[PDB]
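**Student:** Sharing a structure below in C-alpha cells format, with a few things to ask.
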Amino acid sequence: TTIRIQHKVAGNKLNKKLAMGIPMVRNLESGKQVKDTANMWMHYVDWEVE
Amino acid sequence: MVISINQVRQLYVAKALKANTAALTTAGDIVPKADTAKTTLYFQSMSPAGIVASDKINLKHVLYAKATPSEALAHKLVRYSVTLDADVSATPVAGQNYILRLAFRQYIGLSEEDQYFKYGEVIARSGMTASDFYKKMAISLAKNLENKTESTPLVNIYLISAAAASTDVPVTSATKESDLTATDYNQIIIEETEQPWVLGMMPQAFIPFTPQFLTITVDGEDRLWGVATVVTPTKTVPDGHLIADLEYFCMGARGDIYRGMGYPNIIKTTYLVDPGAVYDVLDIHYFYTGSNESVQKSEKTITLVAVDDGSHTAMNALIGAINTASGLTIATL
Amino acid sequence: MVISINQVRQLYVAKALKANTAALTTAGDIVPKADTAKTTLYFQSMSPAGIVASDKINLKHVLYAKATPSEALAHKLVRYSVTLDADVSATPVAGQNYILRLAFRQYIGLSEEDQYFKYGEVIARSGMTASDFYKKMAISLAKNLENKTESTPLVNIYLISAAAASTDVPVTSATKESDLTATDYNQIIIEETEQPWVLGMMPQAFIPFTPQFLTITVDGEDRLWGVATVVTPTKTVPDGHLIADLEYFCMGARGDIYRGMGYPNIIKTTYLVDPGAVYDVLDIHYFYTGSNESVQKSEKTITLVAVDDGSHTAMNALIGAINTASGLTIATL
Amino acid sequence: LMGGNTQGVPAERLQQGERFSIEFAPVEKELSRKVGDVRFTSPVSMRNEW
C-alpha cells in the first residue's frame with residue numbers, strides 16, 4: 001500500500017515568531033508526554049506533519 | 001500488443017445495456033452513470049467477480065470522445081497485379097527464362113533489414129501464350145509461396161480470366177495446369193496473407209512485399225518483362241484479434257500485471273472479448289486537474305468496445321445512452 | 001516601432017481577399033482557412049516568394065479578437081489659441097517686454113522627457129495695438145523656432161483675422177510685416193507638426209508644448225497677459241507610417257531578424273504596407289497549452305491590416321469570412 | 001482606483017494627453033502572484049565630418 005500527505009504554508013511564515021507561543025502535549029519516542037511550546041509556527045507545523 | 005498510453009488507458013466490454021445498476025446480472029453488462037447536474041460520468045460494469053465502476057469523468061475535462069467502426073480497424077490486404085510489359089513484348093520470348101522475385105520486407109525480425117526473397121521461374125517456349133505463361137508463373141509461385149513446408153504464410157496468388165475480370169482463381173501448390181482450363185488469363189494477383197496471432201504473445205502483424213523482376217534479352221538488350229501494379233484490395237483482416245490483445249493489455253491497469261509470471265502462483269484474469277467477433281470501439285480522452293497549484297493535467301482514456309451486428313446497434317444504443325446522460329454528442333456511426 | 005510582445009506578434013497584409021488557395025496570385029492576397037468542424041484556423045497569404053501559411057489557431061484557445069477602425073490610431077495635431085487677456089489689459093501696455101514661452105516636453109531629436117523652451121519677444125510702444133502685437137510676436141516666434149537650419153519647424157504659426165475667423169494665415173521665418181497687411185488680427189494658433197519618419201529607424205512621434213507667458217508690470221503688479229486656450233484640432237496624422245513600422249518589426253518574427261546590419265552581406269525583405277495609405281487593423285490573441293505536465297501557456301497573436309476607404313469595407317469582408325469559417329463572432333467596424 | 005478612494009476620478013483627469021507614470025507594483029503579503037516588468041531603451045547616433 002502507498003500513503004501520502006501534504007501541507008501548504010504561505011511564505012510569510014519563514015520566521016514568524018509567535019507572540020505568546022502555543023503550549024502543546026507533545027509526545028517523544030517512548031519517554032513521551034513532554035509538554036512543549038511553539039515559539040515559531042513552523043515548529044508546530046513540523047511536529048504535526050511528522 | 002504493447003501500446004502507447006497517454007498516462008493510462010482502460011477498457012470495458014459493453015456486451016449488454018441494462019439502464020439500471022440493479023439489472024447488472026451477468027458479465028459484460030454496462031450502464032453509463034451521470035448525475036442530473038451533468039458534472040461526472042462513469043460506467044458500472046459487471047465483472048466475472050462482481051460489480052465494478054470506472055474512473056469518474058469530469059464532463060468539463062473531456063478532450064475528445066469518438067466512436068470508431070469495425071471496418072476502420074480491418075487491415076485491407078495489399079494485392080499486386082503483375083503482368084508482362086506490352087512495351088518489351090506483348091507475349092513471352094521464345095527461349096528466355098523469366099525469374100520473378102518477391103522481396104519480403106519485414107521477415108521474422110521487426111526491422112526493415114530483415115529481408116527475404118522468393119522466386120518464380122518460367123522458361124518460355126516458342127508458341128507459348130501469355131495465358132499459358134501466367135499459368136506456369138502462378139504455379140511456380142504456388143510451389144514456392146503457398147507450399148506447406150514454409151514456416152509462415154507469405155502471400156496468396158490468384159489468376160483472373162478476362163471473361164470474369166473480377167473473379168480470382170486460386171492457385172495452390174496442389175493446383176496443376178490440368179485444373180486451370182482457360183485461355184484468357186490476364187494477370188497474376190499476389191495478395192498479402194494474414195499472419196498468425198496469439199493473445200499477449202504474438203500481436204497481429206503482417207509481412208509486406210514488393211515484386212521485382214529480372215532482365216531478359218528481348219532483341220539484344222537486357223530488359224524487364226513485367227509491370228507490378230497495386231489494385232484495390234478485396235480481403236480484410238477483422239478487428240477481433242486487435243481488441244482481444246487490447247483487452248489483454250488494458251486490463252493490467254485495472255488489475256494484475258503479472259499475467260502469467262509465477263506459473264502456479266498467479267491470478268488468472270477472465271476476459272470477455274471473443275477474437276472471433278467484430279467490435280466497434282469508442283474512446284473518451286479526459287484529464288484531472290488539481291487545486292491552487294496542482295494544475296498539471298493527467299490525461300486518461302476510457303475505451304468501450306461493442307460487437308457490430310453489421311449496422312452498429314450495440315454502440316449506437318450505447319452512444320444514445322452516454323449522450324442523454326452526459327449531454328455529450330458522440331456522432332453515432 | 002519596436003513593440004512589447006506577449007511572446008510573439010505576426011503581421012500579414014490583407015491586400016486582397018480571395019475565396020480559395022488557388023486564387024492567391026498577387027503578393028498580399030489572403031484567404032482565411034478553417035476546417036468544417038472549426039477546430040483550427042489559419043491564413044494562407046501570398047508573399048513575394050510563394051504562398052506562406054500563418055500559425056494554426058486552436059479555436060478553443062482564442063483569448064480575444066477585435067478589429068480597429070483606423071481612426072483610433074490617428075493622432076490629432078494639438079493647437080492652442082494665444083490671446084492677451086482683457087483683465088490685465090485688452091491692449092499692450094507701452095514699455096513692457098512681452099516674452100512668450102513654448103514649453104516642450106522633449107527635445108527635437110530625443111524622446112526622453114525634458115523641459116525644452118522656445119521664446120518670442122515683443123516690446124510694446126505707445127501706439128501698438130493688438131493686431132500689431134500678434135503680428136510681431138508671431139514673426140519673432142517663427143524666426144526663433146523656425147531656425148531649424150536643416151528640415152522643418154517644431155510648431156507651425158498662423159494668424160487669424162477677425163474677418164476670416166477660420167482662415168489660418170501662415171507665418172514663416174521668411175515672412176515680414178509687409179506681407180501681413182491686415183488690422184483685425186485677434187489670436188495666434190500654434191499647431192503640432194509631423195516630425196521626420198524613417199521606416200525602421202525613426203518611429204512616428206510628437207513633441208507636445210504649452211504656451212507660457214512671463215510677467216509684465218501693468219500697475220506695479222507683475223502679471224500674466226496671455227490666454228493659452230486649446231481650440232479643436234483640424235489636422236490629423238494617419239497610421240500608415242505607424243503600421244508600416246509594425247510590419248517592419250513583426251516581419252522579423254518569421255523572416256530575417258538582421259535587416260541591414262552586415263550591410264553588404266544582408267537579406268532584404270520586401271514589405272507590402274504602403275506608407276501613405278490608411279489601414280484598419282485586426283488582431284487575434286490565442287495560446288498553446290500543451291500536454292501532461294506542460295500546462296504553461298504560450299500566448300500569441302496574429303494581426304491583419306487592410307486599407308480603409310472610409311467605410312471599413314475590406315476588413316468587414318475579411319472578418320465576415322473569418323466568422324463564416326471559424327464561427328467566431330467578431331464585430332464589424 | 002487605489003488609495004482608499006470612494007468617489008472616483010473626474011473625467012478631466014481622463015482626457016487625451018494626460019501623461020502617466022509608473023509608481024510600483026504592490027502585492028499581498030500572503031500568496032502573492034507574479035506582477036511587474038522591466039523596460040528597455042535604444043540609443044541614437046550622431047555624426048560629423050572632418
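If you're wondering about the labels, chains in the C-alpha cells are A, B, ... by order shown, residues count from 1 in each chain, ligands from 1 in order shown.
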Given identical sequences, what C-alpha RMSD separates chain C from chain B after least-squares superposition over all Cα in order?

**Tutor:**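 That comparison of chain B with chain C gives 1.5 Å.
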
**Student:** What's around range 237-245 of chain C at 6 Å? Count only C-alpha atoms, leave out sequence neighbours fewer than 4 positions away in its own chain, and write the answer as a PyMOL selection string.

**Tutor:** chain C and resi 1+73-75+199+273+275-278

**Student:** Could you list the residues in chain B lying within 12 Å of chain A, using only C-alpha atoms, and format the result as a list in words?

**Tutor:**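 Residues of chain B within 12 Å of chain A, counting only C-alpha atoms: residues 291, 292, 293 and 294 of chain B.
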
**Student:** Go through range 9-167 of chain B and collect every residue that DSSP, computed from the backbone, puts in strand (DSSP E or B); the answer should be as a PyMOL selection string.

**Tutor:** chain B and resi 10-13+16-17+29-33+40-47+50-53+57-58+62-68+75-76+79-84+97-104+116-123+155-161

**Student:** Identify, on the basis of only C-alpha atoms, every residue whose closest approach to range 80-86 of chain B does not exceed 7 Å; exclude the query and any residue fewer than 2 positions from it along the same chain; express the result as a PyMOL selection string.

**Tutor:** chain B and resi 78+88-90+187-191+225-231

**Student:** Pull out every residue of chain A that has at least one atom within 9 Å of chain D, counting only C-alpha atoms, and report them as a compact mmCIF listing (two decimals) with N, CA, C and O atoms, in the first residue's frame.

**Tutor:**
# COMPACT_ATOMS: atom_id res chain seq x y z
N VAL A 9 1.94 26.13 3.15
CA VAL A 9 2.18 27.29 4.00
C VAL A 9 2.48 28.49 3.12
O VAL A 9 3.11 28.37 2.07
N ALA A 10 2.02 29.66 3.56
CA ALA A 10 2.41 30.90 2.92
C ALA A 10 3.85 31.24 3.29
O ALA A 10 4.28 31.01 4.42
N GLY A 11 4.58 31.79 2.32
CA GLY A 11 5.99 32.04 2.53
C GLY A 11 6.30 33.05 3.60
O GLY A 11 7.46 33.15 4.02
N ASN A 12 5.30 33.80 4.06
CA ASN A 12 5.50 34.79 5.11
C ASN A 12 5.57 34.18 6.50
O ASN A 12 5.56 34.92 7.48

**Student:** Within 8 Å of chain C, which residues of chain B show up? Give each one with its shortest atom-to-atom distance in Å (one decimal) and the two atoms involved, counting only C-alpha atoms, rows by chain then rising residue number, as a tab-separated table.

**Tutor:**
residue	atom	partner	partner_atom	distance
B:295	CA	C:295	CA	7.1
B:296	CA	C:293	CA	4.7
B:297	CA	C:292	CA	4.9
B:298	CA	C:292	CA	5.8
B:299	CA	C:292	CA	6.5

**Student:** How would the residues just picked look written out with N, CA and C atoms as a tab-separated table (two decimals), in the first residue's frame?

**Tutor:**
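The resulting file, result-v1.tsv, is shown below:
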chain	number	residue	atom	x	y	z
B	295	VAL	N	-2.06	21.98	-11.14
B	295	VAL	CA	-2.79	22.21	-12.38
B	295	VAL	C	-2.31	21.30	-13.49
B	296	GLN	N	-1.15	20.67	-13.34
B	296	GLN	CA	-0.71	19.68	-14.31
B	296	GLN	C	-1.82	18.69	-14.60
B	297	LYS	N	-2.06	18.46	-15.88
B	297	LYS	CA	-3.11	17.56	-16.31
B	297	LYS	C	-2.67	16.12	-16.14
B	298	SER	N	-3.66	15.24	-15.97
B	298	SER	CA	-3.47	13.80	-16.00
B	298	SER	C	-4.44	13.26	-17.04
B	299	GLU	N	-4.03	13.29	-18.31
B	299	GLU	CA	-4.88	12.80	-19.38
B	299	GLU	C	-5.10	11.30	-19.23

**Student:** What does the distance between CA of residue 97 in chain C and CA of residue 193 in chain C come to in Å, to one decimal place?

**Tutor:**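 Going from CA of residue 97 in chain C over to CA of residue 193 in chain C, I get 28.3 Å.
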